[PDB]
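Peer 1: Once you've had a glance at the structure underneath, I'll fire off some questions.
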Amino acid sequence: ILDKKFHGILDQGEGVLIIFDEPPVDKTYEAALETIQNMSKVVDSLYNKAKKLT
Amino acid sequence: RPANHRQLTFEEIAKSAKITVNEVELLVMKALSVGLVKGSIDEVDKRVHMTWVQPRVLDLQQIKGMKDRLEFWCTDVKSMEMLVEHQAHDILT
Amino acid sequence: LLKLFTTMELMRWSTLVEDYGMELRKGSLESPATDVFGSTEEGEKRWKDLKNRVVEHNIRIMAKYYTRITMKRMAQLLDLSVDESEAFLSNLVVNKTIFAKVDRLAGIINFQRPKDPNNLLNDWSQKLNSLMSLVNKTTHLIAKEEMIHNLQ
Amino acid sequence: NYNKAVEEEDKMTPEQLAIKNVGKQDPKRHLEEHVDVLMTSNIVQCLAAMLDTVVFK
Amino acid sequence: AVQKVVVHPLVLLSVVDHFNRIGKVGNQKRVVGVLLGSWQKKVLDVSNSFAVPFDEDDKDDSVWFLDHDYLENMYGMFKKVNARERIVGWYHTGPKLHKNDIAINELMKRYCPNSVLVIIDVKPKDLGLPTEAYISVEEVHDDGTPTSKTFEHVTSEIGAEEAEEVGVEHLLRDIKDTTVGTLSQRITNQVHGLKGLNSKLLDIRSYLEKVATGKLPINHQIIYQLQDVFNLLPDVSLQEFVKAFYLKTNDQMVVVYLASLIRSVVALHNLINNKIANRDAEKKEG
């Protein structure tokens, strides 16, 4: 699991291993991380703002 | 029954169909071979599930009293069309 | 044989013993029985390859009604035990012909499809199949309407 | 996926708006063509989300 | 097994000027003509037609007039202008049928693999589709009579081939391409909702007149077997789409996640550079 050769969940209580996985969602990932970059760029425009003001 | 609970229990089947619990499975797999109904029958609850069927030949009293579905459909999808359009009324634009 | 090839019609295996074993009780040609089931360490493997037929082909006829079954009911339908069930589950899961997933937290498991693997496919299948049906509807309801209102 | 793959080069423009004082001849404007596509395309998607609740009743 | 054709309304303007002929020649009120063309596939295209001088008695309605002075030598003309655009069918107005249509079809069926009686629309106010096709059919019955020939609804559309908009889209002078989702969708909502539900009123016309004063195709074989398809989901209280409501949360998932994320980027889009242009204009106007 820690080397990603095996994607699932083990158990000790009921003793039931269960394999499943679904990592990639670029609808979330690519969009929101590019919005983080967008917000960094808007912070870079905050000095055009703070320059036109004062 | 037009209504839901289309995950029907096997009970009416084994009562009125003169069949047993070990043979409801054959009763609907032979119907899969027939091909007029193709249920996704439950087998953890033993429930005989209802999917699409081949309905009837004639229900002339329900050819007359299908208004409670047809005119139901007509005036209610019409009214809700008028309601969607009436909430988005003045963006006629 | 051929009636056992289409849906396999979940018969009694001792009626298979009747059919495929009273061929030695033939006052005629027994050379079919001699060539097929007169063999012992090949013909006995054919008898149990036909037990492999009942499990194999009847899992392929029972593959419809799953996503919900326990294990005892699968023993009560495969016409064999739970131990013969688990041995056949073993050799057919290493077959891995259709994607199985079996588990004994309580035993409600089965041979299965990939277990409804998708999101919006349900919207696609259900609503677009049913609604493109409902858009073909009006296009041939005008058909029926004109053809019946030619006369009345 | 179009509307992300072109949005990263859309946001390669405000870095070019950081010209610290002024070092750019006129706005060279690439704001548009990703307002309108998003606008009408997701209007289509939200009214498509309407469409099942419309046709069904 | 024919779905759709491609329609040039150019010879429908020939239908228009023969609709100008019939208003000033005499007793012939309806426009009846002959539809040339060429089977290409299940999809098809039409480039020319012509309009017969036709009369039809009100008494014993099987009285056709399709002159072979007007068919054979005009067919020589239409063959001389092109070998490709030959016969494919004919056309008359109204929506329904008159009686003699079957024999008018079978007249020119001897020339064509499948002659088509596309019933045409000169004064369009209809609720469904424009002009629509009918193919040769042998469906007879489950009863086994002598073979039925009443040409069944084997549909059509108005397809668009190619350029012609030198004429057409200069002749528009009014219309606009709606950037879809700009009340184009509610034009469609109006037309398909209202015009499919009063098509459902045509269906209640069927399902009321064929109940009160309507016989033999009352449950023909396709009324009840399609009341099946009507019985996809007609149910009583709220029809309980119990799977489909969390599945509709799974639907609304994608839409309003793009709304939140993407329309917040739209907020960033308009707002940040709008403040740039705005406040620059504002105080750099000093």
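Convention: chains lettered A, B, ... in structure tokens order; per-chain residue numbering from 1; ligands numbered from 1 as shown.
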Excluding region 86-97 of chain E and any residue of its chain fewer than 6 positions from it, enumerate the residues within 8 Å of it, using only C-alpha atoms, and give them as a PyMOL selection string.
Peer 2: (chain C and resi 146+150) or (chain E and resi 30-39+49+75+78-79+105+108-109+111-112+114-122)
Peer 1: For residue 31 (chain A), list every protein, DNA or RNA residue within 8 Å, evaluated using only C-alpha atoms, and leave out those in the same chain fewer than 5 positions away; present the list as an NGL selection string.
Peer 2: (:A and (26)) or (:D and (4)) or (:E and (261-262))
Peer 1: Given a cut-off of 7 Å, which residues of chain D touch chain A, counting only C-alpha atoms, written out as a PDB file with C-alpha atoms, in the first residue's frame?
Peer 2:
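And here's iface30.pdb as it stands now:
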ATOM      1  CA  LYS D   4      -8.549  23.899 -18.074  1.00  0.00           C
ATOM      2  CA  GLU D   8      -3.465  27.864 -17.772  1.00  0.00           C
ATOM      3  CA  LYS D  11      -3.478  32.911 -16.670  1.00  0.00           C
ATOM      4  CA  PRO D  14      -1.562  38.651 -15.589  1.00  0.00           C
ATOM      5  CA  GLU D  15       2.119  37.830 -15.078  1.00  0.00           C
ATOM      6  CA  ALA D  18       2.930  42.685 -13.932  1.00  0.00           C
TER       7      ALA D  18
END
Peer 1: In Å, rounded to a single decimal, give me how far CA of residue 5 (chain E) is from CA of residue 159 (chain E).
Peer 2: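 A separation of 6.0 Å between them.
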Peer 1: Near chain D, meaning an atom within 12 Å, which residues of chain C appear when counting only C-alpha atoms? Write them as a count of residues only.
Peer 2: 11
Peer 1: Report as a count of residues only the set of chain E residues whose atoms approach chain D to within 9 Å, with distances computed over only C-alpha atoms.
Peer 2: 20
Peer 1: Using only C-alpha atoms, I'd like every residue of chain C that has an atom within 9 Å of chain E; please write them out as a list in words.
Peer 2: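 The complete set of qualifying residues is residues 119, 120, 122, 123, 130, 133, 134, 137, 138, 139, 140, 141, 142, 143, 144, 145, 146, 147, 148, 149, 150, 151 and 152 of chain C.
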Peer 1: Output N, CA and C atoms for every residue in the selection just made, as an mmCIF file, in the first residue's frame.
Peer 2:
data_model
loop_
_atom_site.group_PDB
_atom_site.id
_atom_site.type_symbol
_atom_site.label_atom_id
_atom_site.label_comp_id
_atom_site.auth_asym_id
_atom_site.auth_seq_id
_atom_site.Cartn_x
_atom_site.Cartn_y
_atom_site.Cartn_z
ATOM 1 N N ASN C 119 -19.830 6.431 -12.809
ATOM 2 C CA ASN C 119 -20.738 7.512 -12.449
ATOM 3 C C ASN C 119 -21.630 7.706 -13.672
ATOM 4 N N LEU C 120 -21.985 8.943 -14.029
ATOM 5 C CA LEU C 120 -23.096 9.375 -14.891
ATOM 6 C C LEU C 120 -23.664 8.477 -15.997
ATOM 7 N N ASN C 122 -25.352 5.968 -15.513
ATOM 8 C CA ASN C 122 -26.747 5.743 -15.149
ATOM 9 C C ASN C 122 -27.664 6.815 -15.726
ATOM 10 N N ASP C 123 -27.263 8.090 -15.631
ATOM 11 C CA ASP C 123 -28.002 9.165 -16.289
ATOM 12 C C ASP C 123 -28.046 8.943 -17.793
ATOM 13 N N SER C 130 -34.188 6.213 -22.179
ATOM 14 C CA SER C 130 -35.618 6.403 -21.984
ATOM 15 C C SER C 130 -36.121 7.686 -22.631
ATOM 16 N N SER C 133 -35.934 7.389 -26.401
ATOM 17 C CA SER C 133 -37.160 6.654 -26.663
ATOM 18 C C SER C 133 -38.353 7.596 -26.677
ATOM 19 N N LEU C 134 -38.456 8.467 -25.670
ATOM 20 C CA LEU C 134 -39.557 9.422 -25.585
ATOM 21 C C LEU C 134 -39.486 10.547 -26.612
ATOM 22 N N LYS C 137 -40.831 8.630 -29.646
ATOM 23 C CA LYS C 137 -42.239 8.418 -29.335
ATOM 24 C C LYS C 137 -43.109 9.336 -30.153
ATOM 25 N N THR C 138 -42.991 10.655 -29.965
ATOM 26 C CA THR C 138 -43.822 11.622 -30.684
ATOM 27 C C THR C 138 -43.688 11.493 -32.202
ATOM 28 N N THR C 139 -42.492 11.129 -32.682
ATOM 29 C CA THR C 139 -42.264 10.957 -34.112
ATOM 30 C C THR C 139 -42.995 9.750 -34.679
ATOM 31 N N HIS C 140 -43.269 8.730 -33.872
ATOM 32 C CA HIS C 140 -44.150 7.686 -34.386
ATOM 33 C C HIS C 140 -45.525 7.657 -33.720
ATOM 34 N N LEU C 141 -45.777 8.535 -32.760
ATOM 35 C CA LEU C 141 -47.145 8.762 -32.319
ATOM 36 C C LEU C 141 -47.899 9.592 -33.335
ATOM 37 N N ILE C 142 -47.208 10.512 -34.012
ATOM 38 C CA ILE C 142 -47.833 11.168 -35.155
ATOM 39 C C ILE C 142 -48.086 10.165 -36.272
ATOM 40 N N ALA C 143 -47.246 9.131 -36.384
ATOM 41 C CA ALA C 143 -47.433 8.047 -37.341
ATOM 42 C C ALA C 143 -48.732 7.315 -37.074
ATOM 43 N N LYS C 144 -48.836 6.755 -35.861
ATOM 44 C CA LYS C 144 -50.070 6.107 -35.429
ATOM 45 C C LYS C 144 -51.274 7.021 -35.527
ATOM 46 N N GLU C 145 -51.107 8.301 -35.192
ATOM 47 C CA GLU C 145 -52.224 9.234 -35.151
ATOM 48 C C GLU C 145 -52.774 9.489 -36.546
ATOM 49 N N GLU C 146 -51.889 9.751 -37.512
ATOM 50 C CA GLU C 146 -52.330 9.966 -38.885
ATOM 51 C C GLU C 146 -52.919 8.697 -39.483
ATOM 52 N N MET C 147 -52.310 7.541 -39.197
ATOM 53 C CA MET C 147 -52.796 6.308 -39.802
ATOM 54 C C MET C 147 -54.133 5.865 -39.220
ATOM 55 N N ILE C 148 -54.406 6.169 -37.949
ATOM 56 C CA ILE C 148 -55.723 5.825 -37.428
ATOM 57 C C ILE C 148 -56.750 6.913 -37.719
ATOM 58 N N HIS C 149 -56.329 8.159 -37.954
ATOM 59 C CA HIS C 149 -57.276 9.226 -38.243
ATOM 60 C C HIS C 149 -57.475 9.447 -39.729
ATOM 61 N N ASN C 150 -56.884 8.601 -40.570
ATOM 62 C CA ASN C 150 -57.383 8.497 -41.934
ATOM 63 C C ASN C 150 -58.834 8.034 -41.941
ATOM 64 N N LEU C 151 -59.167 7.068 -41.090
ATOM 65 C CA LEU C 151 -60.504 6.464 -41.106
ATOM 66 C C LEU C 151 -61.459 7.112 -40.102
ATOM 67 N N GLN C 152 -61.100 7.129 -38.821
ATOM 68 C CA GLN C 152 -62.000 7.705 -37.817
ATOM 69 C C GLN C 152 -61.486 9.028 -37.267
#
Peer 1: Where in chain C does DSSP assign alpha helix (DSSP H), given as a PDB file with C-alpha atoms, in the first residue's frame?
Peer 2:
ATOM      1  CA  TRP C  13     -27.663 -34.311 -12.532  1.00  0.00           C
ATOM      2  CA  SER C  14     -28.951 -37.822 -11.840  1.00  0.00           C
ATOM      3  CA  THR C  15     -31.243 -37.301 -14.819  1.00  0.00           C
ATOM      4  CA  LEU C  16     -27.998 -36.560 -16.599  1.00  0.00           C
ATOM      5  CA  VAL C  17     -26.903 -39.902 -15.106  1.00  0.00           C
ATOM      6  CA  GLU C  18     -30.079 -41.401 -16.649  1.00  0.00           C
ATOM      7  CA  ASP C  19     -29.415 -39.872 -20.063  1.00  0.00           C
ATOM      8  CA  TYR C  20     -25.608 -40.128 -20.340  1.00  0.00           C
ATOM      9  CA  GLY C  21     -25.291 -43.393 -18.398  1.00  0.00           C
ATOM     10  CA  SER C  31     -19.436 -47.364 -29.287  1.00  0.00           C
ATOM     11  CA  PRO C  32     -20.638 -43.804 -28.531  1.00  0.00           C
ATOM     12  CA  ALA C  33     -20.709 -44.774 -24.840  1.00  0.00           C
ATOM     13  CA  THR C  34     -17.469 -46.719 -25.285  1.00  0.00           C
ATOM     14  CA  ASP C  35     -15.662 -43.826 -26.969  1.00  0.00           C
ATOM     15  CA  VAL C  36     -16.979 -41.056 -24.715  1.00  0.00           C
ATOM     16  CA  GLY C  43     -14.134 -40.438 -19.304  1.00  0.00           C
ATOM     17  CA  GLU C  44     -14.327 -39.824 -15.558  1.00  0.00           C
ATOM     18  CA  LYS C  45     -12.632 -36.518 -16.309  1.00  0.00           C
ATOM     19  CA  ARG C  46     -15.437 -35.991 -18.829  1.00  0.00           C
ATOM     20  CA  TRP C  47     -18.035 -36.734 -16.113  1.00  0.00           C
ATOM     21  CA  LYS C  48     -16.383 -34.148 -13.891  1.00  0.00           C
ATOM     22  CA  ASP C  49     -15.813 -31.859 -16.849  1.00  0.00           C
ATOM     23  CA  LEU C  50     -19.598 -32.011 -17.083  1.00  0.00           C
ATOM     24  CA  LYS C  51     -19.763 -31.127 -13.408  1.00  0.00           C
ATOM     25  CA  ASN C  52     -17.450 -28.350 -14.583  1.00  0.00           C
ATOM     26  CA  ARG C  53     -20.140 -27.666 -17.204  1.00  0.00           C
ATOM     27  CA  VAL C  54     -22.886 -27.363 -14.587  1.00  0.00           C
ATOM     28  CA  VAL C  55     -20.816 -24.941 -12.512  1.00  0.00           C
ATOM     29  CA  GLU C  56     -19.204 -23.040 -15.471  1.00  0.00           C
ATOM     30  CA  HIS C  57     -22.195 -22.708 -17.761  1.00  0.00           C
ATOM     31  CA  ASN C  58     -24.701 -22.299 -14.940  1.00  0.00           C
ATOM     32  CA  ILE C  59     -22.703 -19.454 -13.435  1.00  0.00           C
ATOM     33  CA  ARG C  60     -22.948 -17.994 -16.920  1.00  0.00           C
ATOM     34  CA  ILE C  61     -26.733 -18.460 -16.792  1.00  0.00           C
ATOM     35  CA  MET C  62     -26.992 -17.131 -13.212  1.00  0.00           C
ATOM     36  CA  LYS C  72     -25.881 -20.876   0.779  1.00  0.00           C
ATOM     37  CA  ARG C  73     -28.322 -19.926  -1.987  1.00  0.00           C
ATOM     38  CA  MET C  74     -25.521 -20.344  -4.513  1.00  0.00           C
ATOM     39  CA  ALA C  75     -24.983 -23.815  -3.093  1.00  0.00           C
ATOM     40  CA  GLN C  76     -28.736 -24.441  -3.332  1.00  0.00           C
ATOM     41  CA  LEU C  77     -28.742 -23.375  -6.994  1.00  0.00           C
ATOM     42  CA  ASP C  83     -17.147 -26.984  -0.338  1.00  0.00           C
ATOM     43  CA  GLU C  84     -17.602 -27.992  -3.974  1.00  0.00           C
ATOM     44  CA  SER C  85     -18.786 -24.409  -4.414  1.00  0.00           C
ATOM     45  CA  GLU C  86     -15.543 -23.030  -2.985  1.00  0.00           C
ATOM     46  CA  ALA C  87     -13.351 -25.376  -5.045  1.00  0.00           C
ATOM     47  CA  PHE C  88     -15.268 -24.360  -8.175  1.00  0.00           C
ATOM     48  CA  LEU C  89     -15.054 -20.718  -7.054  1.00  0.00           C
ATOM     49  CA  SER C  90     -11.287 -21.228  -6.876  1.00  0.00           C
ATOM     50  CA  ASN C  91     -10.811 -22.720 -10.337  1.00  0.00           C
ATOM     51  CA  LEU C  92     -13.258 -20.287 -11.951  1.00  0.00           C
ATOM     52  CA  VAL C  93     -11.717 -17.275 -10.228  1.00  0.00           C
ATOM     53  CA  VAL C  94      -8.294 -18.326 -11.498  1.00  0.00           C
ATOM     54  CA  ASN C  95     -10.153 -18.661 -14.774  1.00  0.00           C
ATOM     55  CA  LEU C 121     -23.547   6.274 -17.146  1.00  0.00           C
ATOM     56  CA  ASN C 122     -26.747   5.743 -15.149  1.00  0.00           C
ATOM     57  CA  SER C 130     -35.618   6.403 -21.984  1.00  0.00           C
ATOM     58  CA  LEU C 131     -35.789  10.004 -23.196  1.00  0.00           C
ATOM     59  CA  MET C 132     -34.526   9.359 -26.708  1.00  0.00           C
ATOM     60  CA  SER C 133     -37.160   6.654 -26.663  1.00  0.00           C
ATOM     61  CA  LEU C 134     -39.557   9.422 -25.585  1.00  0.00           C
ATOM     62  CA  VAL C 135     -38.368  11.608 -28.480  1.00  0.00           C
ATOM     63  CA  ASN C 136     -38.806   8.805 -30.994  1.00  0.00           C
ATOM     64  CA  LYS C 137     -42.239   8.418 -29.335  1.00  0.00           C
ATOM     65  CA  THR C 138     -43.822  11.622 -30.684  1.00  0.00           C
ATOM     66  CA  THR C 139     -42.264  10.957 -34.112  1.00  0.00           C
ATOM     67  CA  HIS C 140     -44.150   7.686 -34.386  1.00  0.00           C
ATOM     68  CA  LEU C 141     -47.145   8.762 -32.319  1.00  0.00           C
ATOM     69  CA  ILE C 142     -47.833  11.168 -35.155  1.00  0.00           C
ATOM     70  CA  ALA C 143     -47.433   8.047 -37.341  1.00  0.00           C
ATOM     71  CA  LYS C 144     -50.070   6.107 -35.429  1.00  0.00           C
ATOM     72  CA  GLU C 145     -52.224   9.234 -35.151  1.00  0.00           C
ATOM     73  CA  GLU C 146     -52.330   9.966 -38.885  1.00  0.00           C
ATOM     74  CA  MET C 147     -52.796   6.308 -39.802  1.00  0.00           C
ATOM     75  CA  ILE C 148     -55.723   5.825 -37.428  1.00  0.00           C
ATOM     76  CA  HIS C 149     -57.276   9.226 -38.243  1.00  0.00           C
TER      77      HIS C 149
END
Peer 1: Find the residues around residue 85 (chain B) up to 10 Å (only C-alpha atoms counted), leave out those fewer than 5 positions away in its own chain, and share them as a VMD selection string.
Peer 2: (chain B and resid 79 to 80 90 to 92) or (chain E and resid 186 189 to 190)
Peer 1: Tell me as a list in words which residues belonging to chain C come within 12 Å of chain A, counting only C-alpha atoms.
Peer 2: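 Going by the stated atoms only, the list reads residues 101, 102, 103, 104, 105, 106, 107, 114, 115, 117, 118 and 119 of chain C.
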Peer 1: Using only C-alpha atoms, find the residues of chain B whose closest atom to chain C is at most 12 Å away, then write them as a PyMOL selection string.
Peer 2: chain B and resi 21-34+38-52
Peer 1: Could you list, as number ranges by chain, the residues of chain B having an atom within 8 Å of chain D when counting only C-alpha atoms?
Peer 2: B: 73, 76-77, 80-81
Peer 1: Go ahead and dump the residues you just picked, N, CA, C and O atoms, as an mmCIF file, in the first residue's frame.
Peer 2:
data_model
loop_
_atom_site.group_PDB
_atom_site.id
_atom_site.type_symbol
_atom_site.label_atom_id
_atom_site.label_comp_id
_atom_site.auth_asym_id
_atom_site.auth_seq_id
_atom_site.Cartn_x
_atom_site.Cartn_y
_atom_site.Cartn_z
ATOM 1 N N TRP B 73 -49.970 13.543 -17.583
ATOM 2 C CA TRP B 73 -48.745 13.913 -18.282
ATOM 3 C C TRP B 73 -48.888 15.240 -19.006
ATOM 4 O O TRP B 73 -48.096 16.159 -18.791
ATOM 5 N N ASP B 76 -49.701 18.251 -16.649
ATOM 6 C CA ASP B 76 -48.762 18.491 -15.572
ATOM 7 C C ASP B 76 -47.375 18.831 -16.083
ATOM 8 O O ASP B 76 -46.730 19.730 -15.541
ATOM 9 N N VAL B 77 -46.904 18.147 -17.128
ATOM 10 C CA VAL B 77 -45.678 18.571 -17.785
ATOM 11 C C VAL B 77 -45.908 19.905 -18.490
ATOM 12 O O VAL B 77 -45.000 20.739 -18.547
ATOM 13 N N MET B 80 -45.829 22.443 -15.466
ATOM 14 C CA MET B 80 -44.467 22.630 -14.994
ATOM 15 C C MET B 80 -43.571 23.235 -16.062
ATOM 16 O O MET B 80 -42.601 23.913 -15.717
ATOM 17 N N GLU B 81 -43.908 23.063 -17.341
ATOM 18 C CA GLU B 81 -43.260 23.834 -18.392
ATOM 19 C C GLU B 81 -43.584 25.310 -18.247
ATOM 20 O O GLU B 81 -42.693 26.163 -18.333
#
Peer 1: To one decimal place, how far is CA of residue 41 (chain C) from CA of residue 96 (chain C) in Å?
Peer 2: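 Result for CA of residue 41 (chain C) versus CA of residue 96 (chain C): 27.0 Å, one decimal.
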Peer 1: Using only C-alpha atoms, which residues sit within 10 Å of residue 16 (chain D) once same-chain residues fewer than 6 positions away are excluded, as a list in words?
Peer 2: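 Residues meeting the cut-off are residues 41 of chain A; 23, 24 and 28 of chain D.
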Peer 1: Could you write out the selected residues, including N, CA, C and O atoms, as a PDB file, in the first residue's frame?
Peer 2:
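Saved result, selection.pdb, follows:
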ATOM      1  N   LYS A  41      -1.364  35.105  -8.862  1.00  0.00           N
ATOM      2  CA  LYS A  41      -1.258  36.148  -9.882  1.00  0.00           C
ATOM      3  C   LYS A  41      -2.080  37.384  -9.517  1.00  0.00           C
ATOM      4  O   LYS A  41      -1.687  38.517  -9.821  1.00  0.00           O
TER       5      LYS A  41
ATOM      6  N   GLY D  23       5.689  48.603 -18.949  1.00  0.00           N
ATOM      7  CA  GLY D  23       6.589  48.231 -20.023  1.00  0.00           C
ATOM      8  C   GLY D  23       5.869  47.518 -21.147  1.00  0.00           C
ATOM      9  O   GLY D  23       6.468  46.712 -21.867  1.00  0.00           O
ATOM     10  N   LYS D  24       4.575  47.782 -21.295  1.00  0.00           N
ATOM     11  CA  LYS D  24       3.784  47.102 -22.306  1.00  0.00           C
ATOM     12  C   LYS D  24       2.971  48.129 -23.086  1.00  0.00           C
ATOM     13  O   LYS D  24       2.179  48.883 -22.516  1.00  0.00           O
ATOM     14  N   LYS D  28      -3.513  44.377 -25.039  1.00  0.00           N
ATOM     15  CA  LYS D  28      -3.207  43.079 -25.657  1.00  0.00           C
ATOM     16  C   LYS D  28      -4.038  41.992 -24.970  1.00  0.00           C
ATOM     17  O   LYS D  28      -3.563  41.102 -24.262  1.00  0.00           O
TER      18      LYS D  28
END
Peer 1: Identify all chain E residues at most 7 Å from chain B by counting only C-alpha atoms; ligands do not count. Present them as a list in words.
Peer 2: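 Contact residues on the first chain: residues 183, 193, 194, 197, 200, 211, 219, 224, 228, 234 and 235 of chain E.
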Peer 1: Of the candidates E:264, E:27, E:274, E:40, which one gets nearest to chain A if we count only C-alpha atoms?
Peer 2: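 For chain A, the nearest of the given residues is E:264.
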Peer 1: Taking only C-alpha atoms into account, find every residue of chain E that has an atom no more than 8 Å from chain A, and write it out as a PyMOL selection string.
Peer 2: chain E and resi 261-262+265+272+276+279-280
Peer 1: Restricting it to N, CA and C atoms, dump the selection as a compact mmCIF listing (two decimals), in the first residue's frame.
Peer 2:
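File produced: result-v3.txt:
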# COMPACT_ATOMS: atom_id res chain seq x y z
N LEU E 261 -16.24 26.31 -8.93
CA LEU E 261 -14.84 26.50 -9.30
C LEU E 261 -14.70 27.41 -10.52
N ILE E 262 -15.30 27.00 -11.64
CA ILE E 262 -15.16 27.69 -12.91
C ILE E 262 -15.77 29.08 -12.86
N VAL E 265 -13.59 31.34 -11.15
CA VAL E 265 -12.59 31.83 -12.08
C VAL E 265 -13.19 32.89 -13.00
N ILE E 272 -11.04 41.16 -11.80
CA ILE E 272 -9.69 41.68 -11.54
C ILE E 272 -9.25 42.63 -12.64
N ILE E 276 -8.73 46.72 -12.96
CA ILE E 276 -7.56 47.31 -13.62
C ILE E 276 -7.99 48.40 -14.60
N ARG E 279 -10.24 51.37 -12.74
CA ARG E 279 -9.61 52.34 -11.87
C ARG E 279 -8.51 53.09 -12.59
N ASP E 280 -7.86 52.44 -13.56
CA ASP E 280 -6.95 53.16 -14.44
C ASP E 280 -7.68 54.25 -15.20
Peer 1: Calculated over only C-alpha atoms, which of the candidates C:4, C:81, C:125, C:63 has the smallest distance to residue 111 (chain C)?
Peer 2: C:63
Peer 1: Take CA of residue 133 (chain E) and CA of residue 156 (chain E) and report the distance between them in Å, one decimal.
Peer 2: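 Interatomic distance, CA of residue 133 (chain E) to CA of residue 156 (chain E): 5.1 Å.
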